[PDB]
Amino acid sequence: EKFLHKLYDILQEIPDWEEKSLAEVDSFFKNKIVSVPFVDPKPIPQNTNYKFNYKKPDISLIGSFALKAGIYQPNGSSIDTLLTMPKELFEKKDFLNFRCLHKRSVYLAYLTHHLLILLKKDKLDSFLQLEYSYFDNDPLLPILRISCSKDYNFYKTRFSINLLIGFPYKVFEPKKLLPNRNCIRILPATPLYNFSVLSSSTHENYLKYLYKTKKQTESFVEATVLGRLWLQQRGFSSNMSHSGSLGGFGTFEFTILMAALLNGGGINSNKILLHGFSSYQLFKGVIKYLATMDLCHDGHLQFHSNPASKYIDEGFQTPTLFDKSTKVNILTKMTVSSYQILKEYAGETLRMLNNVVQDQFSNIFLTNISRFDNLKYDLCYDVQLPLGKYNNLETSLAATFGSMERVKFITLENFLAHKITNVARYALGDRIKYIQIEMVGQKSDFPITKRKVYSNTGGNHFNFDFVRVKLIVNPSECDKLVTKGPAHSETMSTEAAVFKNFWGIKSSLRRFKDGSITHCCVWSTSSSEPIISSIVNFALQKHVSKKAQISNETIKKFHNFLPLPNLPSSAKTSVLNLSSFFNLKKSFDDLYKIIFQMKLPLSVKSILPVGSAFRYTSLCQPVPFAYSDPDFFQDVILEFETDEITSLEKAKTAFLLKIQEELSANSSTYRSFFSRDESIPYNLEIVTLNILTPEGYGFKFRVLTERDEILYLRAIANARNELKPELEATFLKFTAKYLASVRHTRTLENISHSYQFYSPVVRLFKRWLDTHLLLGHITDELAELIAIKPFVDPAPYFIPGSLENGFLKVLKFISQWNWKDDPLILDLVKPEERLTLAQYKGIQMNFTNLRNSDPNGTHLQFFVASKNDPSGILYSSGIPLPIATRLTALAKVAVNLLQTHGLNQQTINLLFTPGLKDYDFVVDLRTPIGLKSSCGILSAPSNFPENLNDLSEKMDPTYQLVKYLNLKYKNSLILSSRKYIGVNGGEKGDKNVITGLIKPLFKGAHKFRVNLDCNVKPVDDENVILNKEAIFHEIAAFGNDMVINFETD
Amino acid sequence: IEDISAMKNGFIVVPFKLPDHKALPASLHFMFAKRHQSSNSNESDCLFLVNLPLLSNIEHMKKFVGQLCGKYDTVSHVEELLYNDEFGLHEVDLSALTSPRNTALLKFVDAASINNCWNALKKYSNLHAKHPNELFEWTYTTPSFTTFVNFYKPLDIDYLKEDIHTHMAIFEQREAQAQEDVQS
Amino acid sequence: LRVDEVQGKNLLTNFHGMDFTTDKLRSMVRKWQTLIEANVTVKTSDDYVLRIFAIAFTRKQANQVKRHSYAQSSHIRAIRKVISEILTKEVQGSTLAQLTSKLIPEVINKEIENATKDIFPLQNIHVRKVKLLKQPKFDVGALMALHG
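Its PDB record attributes the structure to cryo-EM, giving the resolution as 4.9 Å.

Right, here's the structure in full:
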């Protein structure tokens, strides 16, 4: 404030200089160091008969500071100080053909020059910095910017000062400057010119109205800061959004709209916003309004800064809040896609504020969403634009840039931006939801010695390097094969004409099975990129510029890392194809009918599959006969119609005998055998009936009976007090496998068919965790739930619609997770049976009691619950805290590599490579046979062998190795390995690694106990230290023929 | 580490030289053995063993005791070995519930054999003390791809049928008698 | 079977309810025997909402001198509560299509008879009729999955 008062004194000291011509001011600012930042196109001596002038301007304050609603910006804010021009300096024919604009430009040039001289007098020049900029990045409006560096040293305030020179109230006719009106003679409207000049004419009056409403209401400043911070986290500002910039709406516009809503708002002009509201009331009201009330296409809003606001059903195809008191459109800095994306954010925040069960404040206000563009947007392509020169446009750009072109898009920035925007938007259509363009390289500032900003990089002479096109896609309409066009008649319609023209060679005329005659254009999907990518490639290089270069190698590498099944046409088969899953389901349903028509001492009550392939989450897509796949034999819970554990289990096996007998009898095409199952503890009689189907598919059947859980609870009750927790763990495993498994696979199937991309995202996540060897400890369902967390809970983001976006959101969430304090509770449900607040409180009290009896997760680290499981433990138990922290550190280091090295295929390969460090020992093994082809991932099997023992021969034993080895040394050693050799075994899929850490307690020596449970070597006659070399030798003995190398700490 | 031939708690350290594996540029697996005191009739003449190597079976127990007997010209006839649940897959007897880890018992034919092998192992400890290279070499019965594919091998239908048959039979018998007694 | 989606000379269908036949129902209502009906409105996974039905009749004990064989209201009350119990269990467990797969081999019909036979005999025992009254939202993806 003291500094601004000194500035006002300095200005009142600044002298005035008179009417001069272009040559006079030219010599003036040629022999002065300051160069007039002239607004393009510059004035010319042949078309300049009016003259120039500067007098003492009209000082004032305006902005968030004048509204007293500024905050302590960490990066730094600024205060706008307006200095309008004299109405005597103004003539009534100055609002045509850049006259008043050149007026403002020379006004500001002399102003900054002589304030610089007064600075050279006052000696604040050693710490003060003076420069040019554009009012909210508006090239038609240059402004002065004052900053400082480390007695008016205001640099610690981190503020800045904006010197703007508008025009007085009602100098030129607002109805001659209405957006419809033309004022650049060469006839088309000049909306941007209209906006700039009229806003400069009526800046301060808007501040008067804003302050008046701030005095009429009570929580106005709070609502202002609320909206400002919401928008700031959203990545929104008041700058001109026409230039490949997301903006046009910030604090100033937010406040004007809030005041207009207090001045009306409805279509019936009535007061939707009431001056008695609170902060949250006002903010929720305004967000609900911008979410429910279109302002661009089918309706617009109306008010008067001096009369109630009224909504009308005419949208001017541009965000239009129309002030009649000034004849101005408020949002004139806003692009249509910008308004759309802001309205979508508005609806999202509305639904958040309507969430009654879970709080949403942390996500709404305390999360910056604009940090990683590939998280904020599903699709993003880089396009180098070597456009070149002002004259070289005629040969670089396909389109034209003529007189009306420049009158409309005064800036070639706006021209190119909007051109590529519209061409991509049309040529894509429903394949996407929302579009944005980012002119990579664009700037706003420049020193005083210049006439504008200047750039020479990226094959251009304009402010950018290249263009990054961002898209929020629609998945259900993404992988649609054909680009459908309009119908076909003899007299070619206007729509069909324009369509065929736009599509050139791609256009054609195809007929369909239903009998329709419509134009179209067809593509062929690729298992390495999306058809949207092909389309943007073609349309961009066709209707914009033959010199453009286009790619997204990032998404290329994502789809490359995706596993490719050894299937015909898999090369052209996209990600969103589930044909393999459907074929497996169909074979299984045939088998289903066979067993249901079988006859038995019981009637078959139900046959429910619980296969990961069924729930669309297996690492790979199934391939007939590819039985070396770990996920080949899918589980099928068989349940029969309605007292000792052993007799019960052997009766189960006897029913399997009968089934297998009748099956070998009357379904000889199938093959069958019995496998000992030992995945469940302390049950030594469970037998799974493996069935082999000439669709090359394999299942395992297990009889479920209610007497299982009955006898299990009986044993729980009968066990000793210290023995209890072990049988608790065993019963938990049983429940996870037999009941919650079925419930989970059901609900997950449903929500996946609603969220398509969930299946590929979770498959990629499983791949990544297999590369990181954590799969030996992590159970599939756990990872599935973690990876479904982003879709079912997208706050603040949007639902992912690209494999990259989904993978990165999963990793971001895991990284920022704090399982020690934070729980996880998922509302498994289609988009708009969610949890009651009652169930929510129940799950939360569950979490609180668990974390009370375990405040540091030595027994349970990740806690995740849902309707299927109100316990939050079923897929999280049995995981060591070293594994947990290793996972979280992996996520964090990955997010940091992304933060730093930039997103590239190299960073992705760095993600996929395993750390293999911190491992007390690392055994590198290779299996004698190759297994990539047999596993059926692309680098082919074609029957079942004649011996089932030889099926087993082709199987993979390293899983057995690591599991049983952990069973033995589970008292002393923690191990990890690779589960899927067919993807993580090199070029043959045959290389694995056993990475192990020592338990830090048995690391040392201890008392020689009868139940110490380790291979030790005493250091004395009473104290015993662990026997490392013995351990390694025992590992070598166990894996004698497959251990190839050992590497110690 | 050389003079550590026994433990003050009465147990005994047993070294074992481990051979040269190509992936490693020689340890001596330590075991502890102490005579048993249990009132179970089948728990007689037992050497409680602690820290057996991987897959210590009756074969390698016979091999070790034959090493000791051939050295110390002694006679120690092994009878049986008990409680070799080296993986912990029978820690809980769920069956009769609902109706000594890393250690084992080594039974001998008689106290003669057990005391003779006990002398031999005392002198084995003294071998650890004085001459560390006179100590035996422990060869793990090496599990290979063959025994792991054996683990993968499906079960035999005849074994399944016969076992289910006899199990269900005896269970039906015991259940019949139980009902008779209950409602008698 | 209701039609939801279409594709050129090829229009697909999904579940829309189940009825009995009038002639079969008339034969089942024999004289001198208790009839018993019970029903519940209940939700599935893919949140269709439906009301399913159930009917059963008291059968004569194969050796019984007395022809009427009528249960005892107290009998009836209990039977309906168990039927009601069993039906709600099947509807919540079944997503929608699964109930379909559940009804066709009539497992429901038998679990009933099973939990029932401890109260009073009973014969026939069928689902009889199921109606749909609140389906969720289109979701073109889920409908395609059912078709092969």
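Undergrad: What should I look at first to understand the overall build of chain C in this one?
TA: For chain C, the helix and strand inventory stands at five helices and nine strands. Helices (α) and strands (β) of chain C occur, in sequence order from the N terminus, as β-β-β-α-β-β-β-β-α-α-α-β-β-α. Seen along its three principal axes, the alpha-carbon backbone of chain C occupies a region of about 65 × 30 × 25 Å. Counting contacts in chain C only where the partners sit at least 6 residues apart, residues at least 24 apart contribute 60% of the total.

Undergrad: I would appreciate a short explanation of the arrangement of the chains in the present structure.
TA: When the two pairs of chains in contact are compared, the highest contact count belongs to chains A and B. Taking C-alpha atoms as the reference, chain B and chain C come no closer than 21 Å and do not contact one another.

Undergrad: Before we go on, may I ask you to explain the domain arrangement of chain A in this structure?
TA: When the parts of a complex come together, some accessible area is lost, and that lost area is often taken as the interface size. Along its sequence, chain A is carved into domain 1 (1–166 + 200–216), domain 2 (167–176 + 217–372), domain 3 (373–481 + 525–551), domain 4 (552–916) and domain 5 (917–1049). Put simply, the middle of domain 2 of chain A and the middle of domain 4 of chain A, counted by C-alpha atoms, are 45 Å apart.

Undergrad: What am I meant to see in the packing of helix α8 (residues 279–292) of chain A against helix α9 (residues 336–354) of chain A here?
TA: How two helices sit against one another is set out by the angle between their axes and by the gap between those axes. Residue and element names in this part refer to chain A. Taken N-terminus to C-terminus, the directions of α8 and α9 make an angle of 130 degrees; their axes are 8 Å apart at the nearest point. Our classification of the angle between α8 and α9 gives oblique. When the axes of α8 and α9 are compared, the crossing they make is left-handed. Where α8 approaches α9, its residues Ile287, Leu290 and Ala291 are matched on the opposing element by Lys343, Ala346 and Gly347. Here the residues of the contact of α8 with α9 sort into four nonpolar, one polar and one charged.

Undergrad: How should the interface of chain C and chain A be read in this particular structure?
TA: The partner chain A presents five residues to the six residues of chain C that form the contact. Those elements that provide at least two residues to the side of chain C that touches chain A are α4 (107–116) and α5 (140–146) of chain C.

Undergrad: What am I meant to see in the sheet that holds strand β7 (residues 55–57) of chain C here?
TA: In any sheet, the strands associate via hydrogen bonds between backbone groups, in a parallel or an antiparallel arrangement. Residue and element names in this part refer to chain C. Reading across from one edge, β4-β7-β8 is the order of the three strands in this open sheet, with antiparallel pairing throughout. Strands with a single pairing partner mark the edges of an open sheet, and in this sheet they are β4 (35–37) and β8 (123–126). Geometrically, the sheet is characterised by an average inter-axis angle of 15 degrees between neighbouring strands, direction not taken into account. By the bridge criterion, three bridges tie β4 to β7 in an arrangement that is antiparallel. Its bridge partner lying in β7, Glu37 is registered against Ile55.

Undergrad: Can you help me understand the sheet that holds strand β5 (residues 128–134) of chain A in this one?
TA: Residue and element names in this part refer to chain A. The five strands are arranged β3-β4-β7-β6-β5 in an open sheet whose pairing can be described as mixed. Taken across any chain shown, the strands that pair with only one partner, and hence form the sheet edges, are β3 (58–62) and β5. For this sheet the average axis-to-axis angle between neighbouring strands, irrespective of direction, equals 25 degrees. The pairing of strand β6 (residues 142–148) with strand β7 (residues 161–164) spans three bridges and is classified as antiparallel. Directly across from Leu144, in β7, lies its bridge partner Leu163.

Undergrad: Looking at this structure, how should I read helix α6 (residues 220–234) of chain A?
TA: The periodicity of an α-helix, 3.6 residues per turn, causes residues three or four places apart in sequence to face the same way. Compared with the 21 Å implied by 1.5 Å per residue over 15 residues, the 21 Å span of α6(A) between its first and last C-alpha is a close match. Downstream of α6(A) by one or two residues, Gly235(A) has phi in the positive range, about 80 degrees.

Undergrad: Is there a simple way to think about the interface of chain B and chain A in this case?
TA: On the chain A side, the residues contacting the 26 residues of chain B number 25 residues. At the level of secondary structure, the elements contributing two or more residues to the side of chain B that touches chain A comprise α2 (94–98) and α4 (145–152) of chain B. Partitioning the side of chain B that touches chain A into residue classes produces 17 nonpolar, five polar and four charged.

Undergrad: Would you mind showing me how to read unusual backbone geometry here?
TA: Leaving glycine out, the prevailing phi sign among residues is negative, and the prevailing peptide bond configuration is trans. Residues and elements named next belong to chain A. The amide bond that connects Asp40 to the next residue, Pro41, takes the cis arrangement and shows omega of -5 degrees. Inspection of the secondary structure assignment puts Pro41 in the loop between α2 (22–31) and β2 (52–54). At the junction of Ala795 and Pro796, the peptide bond is cis and its omega measures out at 0 degrees in the coordinates. Turning to its location among the elements, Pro796 is positioned in the loop between α24 (780–792) and α25 (803–816). Phi at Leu916 takes a positive value of approximately 55 degrees, unusual for a residue other than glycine. By the element assignment, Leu916 lies in the loop between α28 (905–912) and β26 (921–926).

Reading the values: rules and limits
Residues numbered from 1 in each chain as written, not as in the entry; some residues may be left out. Chains lettered and ligands numbered in written order. Part of a larger assembly, values for the part shown. Heavy atoms only, no water. Residues with missing side-chain atoms left out of burial classes, pairs and counts. Helix = DSSP H or I, 4+ residues; strand = E, 2+ residues; numbered from the N terminus. Contact = heavy atoms within 4.5 Å. Domains from an automatic or database assignment. Axes fitted to C-alpha atoms, helices over the stretch in contact; angles between N-to-C directions. Parallel < 35°, antiparallel > 145°, perpendicular 65-115°, else oblique. Left-handed = near helix turned anticlockwise from the far one by under 90°. Nonpolar A, V, L, I, M, F, W, Y, C, P; charged D, E, K, R; others polar. Pairing = 2+ DSSP bridges. Expected span 1.5 Å × (residues − 1).

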